[PDB]
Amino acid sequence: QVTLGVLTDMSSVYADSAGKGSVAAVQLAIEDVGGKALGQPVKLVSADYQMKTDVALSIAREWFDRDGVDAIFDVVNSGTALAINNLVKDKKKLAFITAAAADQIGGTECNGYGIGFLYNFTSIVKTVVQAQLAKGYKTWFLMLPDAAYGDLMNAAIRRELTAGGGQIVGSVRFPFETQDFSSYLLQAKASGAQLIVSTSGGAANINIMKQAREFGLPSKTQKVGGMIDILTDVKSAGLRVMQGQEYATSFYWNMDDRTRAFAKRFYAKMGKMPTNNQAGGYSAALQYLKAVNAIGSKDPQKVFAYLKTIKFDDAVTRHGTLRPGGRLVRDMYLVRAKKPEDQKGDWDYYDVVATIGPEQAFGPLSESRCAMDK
């Protein structure tokens, strides 16, 4: 029997964008293989680790040892994802990290067992760089949080923008829990950059976009840009505030007929549209179950080998292949927040305005930081 485990947050700040929704997305994948693997019903368990890595490890350990769990999905914290990555090596189980973007998964910490099946931070940056440069936005100014996420995005943006022929004309860091962003916006405007990039999400990005308007931004010469698609941020803040900001994403519910059909099934269960994390969980679970059934085995080493020979083309994953190190490479998109008067329903927040191919969005196999990819 095949047992799937959804290890997520159902009580805290990622509950709405992963959580019970990620369980529902995995349920939909189980449906897409007739409910069965190896001729038996697929079992599904889930748990809330409350964004505590120690709790996620204790939950996963018992799952593998007592409840027969073969593969786990979601994991919404990068830190927790790295810890789970190291456990599944030890226990010889597969983990599909579909709710965290750490490059280390299928990158420097590749192991044949931790699989990155959403997107990585590098692909977010490559996608915004290439899409914006193609639109003529050459000169950039970065607004970054103080924390490790800001360090990571600063290094990646600077390397990819330069490799593409653009230039950073300035940068600023703001401290934890900033509410007044006037000083940072004034510096961004004075830099003269064509593109002013608010790199974070959450209340920080929401207040930056609110306050950018008091400074006449966007203007004829300067646009405000973003990084990560956080659909629930647009829901909270509204298109009046968010209109015009662009982000990179792996998935948007209203991209095409195939995304919309998946989204309708999801809405029927959850009463809302699926986020890219929840969509990633669907796609990982679907391809995992299809692989088990195709080779007639749930041996992780045999499933992994097989997954490396397939071209993925489902409702969520487009031009997908699994690299030798366990990083999914795939089409990525630039999405733009719509003008409020153009919103036609709940969740109608974006237009897709560019599509970057897998090799371009993730880099050539030679740029990979995984030993198994060389």
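We number the residues from 1 along the sequence you see.
Averaged over CA atoms, B-factors in the entry run higher in 83-91 than in the other of 83-91 and 261-269. Averaged over their C-alpha atoms, the temperature factors of 291-299 and 231-239 are higher for 291-299.
Within the group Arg330, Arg327, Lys36, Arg336, the record's highest C-alpha temperature factor is found at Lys36. Of all the options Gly150, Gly244, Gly164, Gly280, the entry's greatest CA B-factor is assigned to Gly164. In the deposited entry, the Cα temperature factor of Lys126 places it in the lowest third of its chain's modelled residues. Among the modelled residues of the chain, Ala354 sits in the middle third by CA temperature factor in this PDB entry.
Sort the chain's modelled residues by C-alpha temperature factor and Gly107 lands in the middle third, per the entry. The PDB entry assigns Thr321 a C-alpha temperature factor belonging to the middle third of its chain's modelled residues. When the modelled residues of the chain are ordered by their C-alpha B factor, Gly216 lands in the highest third.
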